[PDB]
Amino acid sequence: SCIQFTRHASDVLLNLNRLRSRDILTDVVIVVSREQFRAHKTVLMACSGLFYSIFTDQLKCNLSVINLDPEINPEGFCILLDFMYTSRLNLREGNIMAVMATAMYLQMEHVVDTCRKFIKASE
Amino acid sequence: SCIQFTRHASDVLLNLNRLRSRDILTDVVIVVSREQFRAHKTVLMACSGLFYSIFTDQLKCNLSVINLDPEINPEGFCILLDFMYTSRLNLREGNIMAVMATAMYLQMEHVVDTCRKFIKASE
Amino acid sequence: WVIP
Amino acid sequence: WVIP
Ligand SMILES: CSc1ncc(Cl)c(Nc2ccc3c(c2)CC(=O)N3)n1
Ligand SMILES: CSc1ncc(Cl)c(Nc2ccc3c(c2)CC(=O)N3)n1
Ligand SMILES: [Cl-]
Ligand SMILES: [Cl-]
Ligand SMILES: [Cl-]
Ligand SMILES: [Cl-]
């Protein structure tokens, strides 16, 4: 018999992104080919199968720095980190291959799906 | 020129609630008249003007235990904590006064608004 | 607010 | 996915 507030989830995500932009309560640095990205472990886990596995590990859950595979493109990661905190994906002809490869590595199934569809339309 | 995934914010909140239910990466205990509630500081801040003020304070941001005012009803808090992580509010004739008072103290403006409207309809 |  |  609950009532539901339609905009609640969007408002929560908007506030989490405001915290990220002001570097409030960020608890991890993600290192991508020397580029560094500060974030909230819980948000990373909520969006990515890879981060979910990493931060549920009894040893890795305590790390303040995570280094990604050197094949990962920092721009592709940045676009995906922005998507995690906003639901918006900056998908362009020039970045789609790097975004898809990064989403496959991060295990972000819905992003991989839209990249496959956009690539298939161009062939 | 971004594309947007409609269900992303809801899916993020659903995963954050799964983490809460398994007590994964919870970093604070909220004490309400001896009852204890584990939660994520970032989610509490994203939903409540009171928690936002508390955890942006340079001293309180580091506390692992927060004690609420003794006038706060634990059931009212529990219903609001559930709403924070799900967008669903269990509003009933028997709890509406405690829920509204708790939402006013926590500074959750949209919850206060629906409680005022439901109370006005019954008069 | 809605009935979910 | 939509055009926001
Ligand atoms: C599976 S239970 C669960 N519980 C809590 C969290 Cl934080 C979580 N995250 C997560 C797991 C897998 C995947 C994603 C998020 C995005 C994706 O494409 N795959 N999962
Ligand atoms: C105001 S900027 C901002 N930035 C980040 C966060 Cl985490 C935040 N939360 C917050 C503040 C006030 C209120 C709420 C959340 C719910 C409500 O009714 N009032 N606010
Ligand atoms: Cl470390
Ligand atoms: Cl995704
Ligand atoms: Cl403490
Ligand atoms: Cl609210």
Side-chain angles (χ1 to χ4, degrees), chain A residues 2-27 38-44 46 81-82 84-87, chain B residues 9-10 12-13 16-17 19-20 23 25-32 35-57 59-69 72-73 76-91 95-108 110-119, chain C residues 1-2 4:
Chain A
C2 287
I3 55 172
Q4 191 212 359
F5 191 67
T6 305
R7 297 293 293 162
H8 180 73
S10 180
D11 290 351
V12 164
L13 195 66
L14 188 70
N15 281 336
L16 292 173
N17 197 32
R18 284 167 176 155
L19 294 182
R20 179 177 65 122
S21 71
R22 297 170 59 204
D23 197 41
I24 297 164
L25 291 188
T26 53
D27 52 8
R38 296 213 48 103
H40 301 99
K41 286 172 185 185
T42 56
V43 176
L44 294 183
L81 182 63
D82 282 342
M84 293 188 194
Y85 280 85
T86 65
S87 312
Chain B
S10 180
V12 164
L13 195 66
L16 292 173
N17 197 32
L19 294 182
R20 179 177 65 122
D23 197 41
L25 291 188
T26 53
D27 52 8
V28 75
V29 182
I30 307 305
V31 182
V32 191
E35 288 252 288
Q36 294 187 10
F37 303 87
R38 296 213 48 103
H40 301 99
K41 286 172 185 185
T42 56
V43 176
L44 294 183
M45 297 164 83
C47 299
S48 155
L50 184 70
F51 290 123
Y52 171 64
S53 288
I54 294 163
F55 302 121
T56 51
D57 177 83
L59 278 179
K60 298 183 192 68
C61 67
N62 291 138
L63 295 171
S64 59
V65 177
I66 300 295
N67 306 300
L68 301 194
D69 189 289
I72 305 306
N73 174 256
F77 184 80
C78 184
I79 283 155
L80 289 172
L81 182 63
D82 282 342
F83 167 76
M84 293 188 194
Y85 280 85
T86 65
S87 312
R88 302 164 61 87
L89 187 74
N90 180 30
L91 202 57
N95 69 29
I96 188 159
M97 299 312 288
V99 170
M100 188 172 149
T102 312
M104 284 170 69
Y105 169 79
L106 295 179
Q107 303 168 32
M108 301 173 67
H110 298 297
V111 172
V112 177
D113 188 63
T114 201
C115 287
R116 282 211 259 262
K117 278 164 171 67
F118 276 45
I119 289 154
Chain C
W1 296 81
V2 302

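For ligands, and for the atoms within them, numbers begin at 1 and follow the listed sequence. Chain letters run A, B, ... following the sequence lines, proteins first and then strands; every chain starts at 1.
Applying the 4.0 Å criterion to heavy atoms of B:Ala46 picks out, from ligand 2, the atoms 7 (Cl), 15 (C). Close contacts of ligand 2 with B:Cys47, meaning ligand atoms under 4.0 Å from a residue heavy atom, involve 16 (C). For ligand 2, the atoms lying closer than 4.0 Å to a non-hydrogen atom of A:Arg18 are 4 (N), 5 (C). Contact atoms of ligand 2 toward B:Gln107: 16 (C), 17 (C), 18 (O), 19 (N) (distance under 4.0 Å to a heavy atom of the residue). Shown in contact with A:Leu19 at under 4.0 Å from a heavy atom are these atoms of ligand 2, numbered in order with element: 5 (C), 7 (Cl).
Considering all non-hydrogen atoms of both residues, B:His40 and B:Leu25 come closest at CD2-O, 3.1 Å.
By the 4.5 Å heavy-atom criterion applied to side chains, A:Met84 and A:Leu44 are counted as neighbours. Side-chain contact between B:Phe77 and B:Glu35 is absent, with no heavy atoms from C-beta onward closer than 4.5 Å.
Atom CG of B:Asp27 and atom CG of B:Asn62 lie 11.0 Å apart (nearest 0.5 Å).
A distance-only check finds no donor-acceptor pair linking the side chain of B:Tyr52 to the backbone of A:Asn15 [under 3.5 Å].
Checked against a 3.5 angstrom limit, the closest N/O atoms of A:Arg22 and ligand 2 fall outside it. Residue contacts with ligand 2: B:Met45 is placed with a nitrogen or oxygen under 3.5 Å of a nitrogen or oxygen of the ligand (distance criterion only).
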Next on the checklist: B:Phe118 vs A:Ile3, test: side-chain contact (heavy atoms from CB on, under 4.5 Å). Steps then yes/no.
Outcome noted: CA-CA 11 Å; B:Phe118 276 45; A:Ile3 55 172; 3.9 Å; yes
